[PDB]
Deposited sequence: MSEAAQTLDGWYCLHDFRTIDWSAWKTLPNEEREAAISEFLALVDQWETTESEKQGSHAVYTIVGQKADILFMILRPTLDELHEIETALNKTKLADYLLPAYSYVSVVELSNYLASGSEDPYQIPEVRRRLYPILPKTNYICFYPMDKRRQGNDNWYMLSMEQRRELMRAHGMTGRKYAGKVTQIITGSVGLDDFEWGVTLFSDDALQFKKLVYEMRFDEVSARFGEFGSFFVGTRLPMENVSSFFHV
């Protein structure tokens, strides 16, 4: 348990858009609100350029959420700062809270492969899928009640399923034990959203998922380039 290495804190902030209200907001006002929010992301972009954090914005299909901001920042206080700056934008008046998830990129810190994984510049893939997950602690199938080695063996086949879908789906696992409601947040990024269905389903036929996986809601969405943001809020 002490073996996990810790990178960036990660907030997935999912919001819903109050389209009805947003439409009522005059055109020039709506335009400014987009500008304001764009300049905010422009700040985030500067942070990403300095390798001092990362974000992704995705519009989420379905009604669970409309848009996801995923922010990775070095400190949790930075995360809070971002959430709060977001919330105090005009646009955010129309971005109602939907679901949020705090977690920390988890896996020596100096090693480049670790460095990349711990401080990950989030992939600008067409699609993203997020779900929080737990390991079941339920009766016979109690992950925590397992042997270190049994756990290791369980995770061995899970590594294999992941590895099959590498070069298709990038997987960012964030640990959220004592940071949020589940134990891990799994974010996948693929240029093909079906690869998400493929990866997560194949994974379920691993003893680890089959037996121990308790998962939360799945959110999938499509990358919202910032050039596409004005368009998306056009009413």
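**Student:** Hey, which stretches of the deposited sequence didn't make it into the model?
**Tutor:** Unmodelled stretches, in sequence order: 1-3, 111-120.
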